[PDB]
Structure formats: structure tokens, C-alpha cells
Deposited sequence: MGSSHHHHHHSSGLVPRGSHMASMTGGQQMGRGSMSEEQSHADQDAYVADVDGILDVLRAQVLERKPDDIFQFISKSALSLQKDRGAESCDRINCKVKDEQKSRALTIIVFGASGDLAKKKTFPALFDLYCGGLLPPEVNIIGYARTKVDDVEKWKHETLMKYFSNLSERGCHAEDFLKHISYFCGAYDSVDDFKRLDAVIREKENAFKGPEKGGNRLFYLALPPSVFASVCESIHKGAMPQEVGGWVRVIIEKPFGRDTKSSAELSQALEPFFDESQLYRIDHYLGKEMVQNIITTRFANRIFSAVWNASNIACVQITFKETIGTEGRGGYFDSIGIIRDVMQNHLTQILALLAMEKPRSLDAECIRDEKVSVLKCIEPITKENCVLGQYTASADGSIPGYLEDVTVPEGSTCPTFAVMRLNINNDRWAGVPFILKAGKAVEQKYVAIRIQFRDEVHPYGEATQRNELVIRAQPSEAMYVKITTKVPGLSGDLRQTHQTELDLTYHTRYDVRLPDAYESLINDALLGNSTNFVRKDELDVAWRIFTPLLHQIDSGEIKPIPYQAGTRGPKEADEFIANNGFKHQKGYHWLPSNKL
């Protein structure tokens, strides 16, 4: 309805007129309201901001000798350095349990092995290692964090610059079981100095495995770090796609006006991988495809896509809207879910999921899921939202597909449903499919045409955290709502009330899934 969007715009335009009147200094808002009634391996070029330059900065990577830290975090930090997005005087500390004598060989052997050895980057590796130190320490001794504090205080007091104190980003590349321990230890032991500096904490998934376990972690952490400080990171959600979702829609009347039940026939969000899970049963078997990427990754995409209009692009305004729309979503039913589990590829190259020492025999863990979500609000009531995720399928692909309702009249078969695709993998692309004339010479001689409207994902998130921008991080309330959307389903699945269909590695998945989709409003182009 034009009136749904008009009313919001009228409220915002009233709050806007109470803005430029209150620009002349609660009780004044009440009075004004009734009143309105009556009417090449080159040099790193530093792209960092002034404030970023102005105070010291230490990044502490905890669990620095783990696979995530050494293969993912440190390389990501390296790429940001090469991109000129770390402050000049950035200090990095790898905190970990094991004692190390030859500090410099550890950086070279545990860390540099994994750096991007590309042309434009390789030459900067040694430069980056200068900014790194090692810290031997455990994740609970108050002593160890007192010592670390003093190690940081020395580097911060050495900073050659205008502001005192130090900004501190604690990056917990650890198993969630130690999050609370470390967090309290930081709180008691190693917060930024009184004089100045912010404190930020990046934590890694899993964020529980259901409503109850997730809220226990939130409760454990919330004594020590609030939602301005805590950053729950989703490696796979990048700047590029988020901007495509938000900007393309909210900046433009044309897309804004059609982004609703009256115009949209159906929406799919798809996350497909050719890779399987081989030798990862130790993580995956207990998690399943749904907890792994759908409850966390796909649902945040969905929230950004479905949300109502925030009043501004301030992060918490957007996060507020993510929560509101998630709260409109009905808990997913077992009647709206098709599950799969992959067997060996027909060509015998790829082994099945159960064919794995790190997977328990008999496992019914799903590697594939397609489900329908109902968003019960004025904007979305009736519209099918399809989430689809799967391992060992036919191609690597992440995209949003919005199919618009057909204009049957008057072009009939000389036209076709409009679409909007926002694709992130294997490469970024955003387009609309529309119908246009061909130059020749009758009106029903039409064409299908694709208007193109167009640091990696993980890196862009670490950068956002340094910048203090939490837009693309799940907030504590948001996380809780998301868990309530999926947990009843996850229970039904673990109680065996629905079961995975087998599919061979390299196919599309269970044929049943494609029938589900087609039976839930999608029409083939």
C-alpha cells in the first residue's frame, strides 16, 4: 500500500520539522506538536581516518596459534594492512597458551606461511610482521591479563601522537566455552586506560545451537560488554552485498515502491557450495546445514532485505529494523522444510557424507535444506520467502532472487515476470530482468533484457569493527529472535519428525526440493 509508506513518510516529515525547530533549544516537543497541528608491489597508501590516526590502537588476537587465527584472522589483518586500512602505528598481539622462545620464527612459521603470497602483497609481509608480538598466557588467570595490560600500556605510551590512552580490539579466535572466562578476565584486568580509548570484542560462532544455549552465552557476556562493544562476526556477510540490498532499495523511489506484497510474487535466498564436509564431521555433524549457515547467515540477509525503512543509516537504527522484521516471522514448521544429505558423486570422485571417520555411522545430519518462511506484516503477508542452503551441490552460488508479479495485461506472452537478482558468489552482480521493445514493427515484438545496476567479506567486517560500525553484526536481541524462528524446527528434526532425502554429490539436491520451491510460488524463467 502507498498509504503504508506515506504514513511512515509523514511521521518522519513531522519528526523532521520538530528537528529544525528544536535546533533553537521533551517539554518543547509536546508544545511544538500541537502547534504544527494548526497549519606492481607498491607503497601502501593510507586510507585511514583522522580519529583512527589520533589515538593508539592494539589488536589482541586470542587463540593466535589456532587454525582460525593463523589461517584466517592474521591473513585478513595482513590484507587490510596491504589495503592501507590499519592505522600506521597499529600494534598486534597474538595471545596463546604455548611458551615460545624464538618469537620471530613463530611469526614466520605459524603466521607468514598463510599470508597471501600474491604479486602486489608478498613484498609487504615482513613490513607487517614488525607490528606483531607474541604473548604467552592462559585464558583465566587474572595475573596473565595484568601482565598483558602492562605490555599494551607500554606500546600505547610509546605512540607518537596527540591523544593519550589506547583503543583496544580484543579478537576471540577461541572455542565459545572460553568466551566468558576471557571476557571477565579482560574486564577485571585489561580494559583501556581511563584517559581514553574504546574497547571492542569480536567473538566467533557458534553463538549457541538453540534459543536456550544462545541466551546463556549472551547472559554470560553481558556483565562485561554491552552491545556497543560486543561484535558477533559472520565471516560470509560482506559490505558489497549489504549495500546492494539497502542502498538500491532505500535510496530509490522506484525500487522502494515495489518492495512489497502488492508487487512481489516470491523471494529466494540461496547459498550453494560444491565442496562437501569431508573430515569436518567433528564440527558439522552436531551443527547441521541449518545452524551452520541458515539461522545465522541467511537470516541476517533476509532481515536486511525484508526490514522496514530506518529513519537513518545509523547502525543501531538499522539493527532496530532487523529485529522488528524478524519478530514478524512465524517459527518455521516441519511442513515447510525439505532436508537432504549427500551421498557419493555418481562419478565416484566425491565420497558421501556418512563416508567419513569424523562422522558417526547412521547420522541423519542434513547437508541440504530448503524452507519456506512466512513474514506476517502489512508489507509481506502472503509472500513466500524461500531459504535454500546445501553442500556438495552442482555449483558455487550465493544470491537473492526476487520475482515480481506478472503483468498479464496487455502484453500476455510478449512479457514475463520482472526479476531482481543480487548475487555475491561466485562474483558480485546485481541486475533486473525487464521486457523492452525491439527496434523493427509491432508492439508485441518484445525482448528480455538485463539492466546491470552494478578487502573480502571477512576483511570488510574486521574493518567495520575497527570503525565502530555494527550494522552487519547480529545484536543480542536480534540473535534471540532468530533462534526462536528456528529452534522448534531444529527440535522436530532432532526428534526425527522429518528426515533428509539422499542426493548424490554434484546434483542440485533432492528433486523434492525443486518441487517444493515450484509449489511455493516460483516460476521458471
Given the full deposited sequence, which segments carry no C-alpha coordinates? 1 to 40, 66 to 70, 85 to 88, 490 to 491, 506 to 514, 586 to 596
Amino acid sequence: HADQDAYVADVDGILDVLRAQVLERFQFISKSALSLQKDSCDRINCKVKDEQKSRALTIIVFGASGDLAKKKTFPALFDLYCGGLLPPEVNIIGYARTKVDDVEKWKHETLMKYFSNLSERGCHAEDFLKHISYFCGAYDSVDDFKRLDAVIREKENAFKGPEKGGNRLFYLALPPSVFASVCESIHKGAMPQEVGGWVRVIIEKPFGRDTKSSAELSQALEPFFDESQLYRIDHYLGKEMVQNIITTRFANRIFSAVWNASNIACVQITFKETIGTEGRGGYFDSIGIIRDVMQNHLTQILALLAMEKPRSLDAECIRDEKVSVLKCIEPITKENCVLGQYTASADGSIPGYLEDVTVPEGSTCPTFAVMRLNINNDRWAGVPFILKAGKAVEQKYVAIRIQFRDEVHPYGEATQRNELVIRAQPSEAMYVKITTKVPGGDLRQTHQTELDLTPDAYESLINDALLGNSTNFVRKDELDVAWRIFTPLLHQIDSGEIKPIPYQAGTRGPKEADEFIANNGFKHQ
From here on, numbers count along this sequence of modelled residues.
Ranked by mean Cα B-factor in the entry, 107 to 115 and 283 to 291, top stretch is 107 to 115
On mean Cα temperature factor in this entry, is 460 to 468 or 482 to 490 the higher one? 460 to 468
I'd like to know which of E308, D347, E394, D234 has the highest C-alpha temperature factor in the PDB entry. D347
Based on what the PDB entry reports, which of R372, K188, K239, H297 has the top C-alpha B-factor? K188
Entry-reported C-alpha B-factor of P366 relative to its chain, by third, is lowest
Name the third of the chain's ranked CA B-factors that contains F74, choosing lowest, middle or highest. middle
Mind checking which third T435 falls in for C-alpha B-factor across the chain? middle
What third of its chain, lowest, middle or highest, does the C-alpha temperature factor of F473 fall into? lowest
Could you say whether, by C-alpha temperature factor, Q425 belongs to the lowest, middle or highest third of its chain? middle
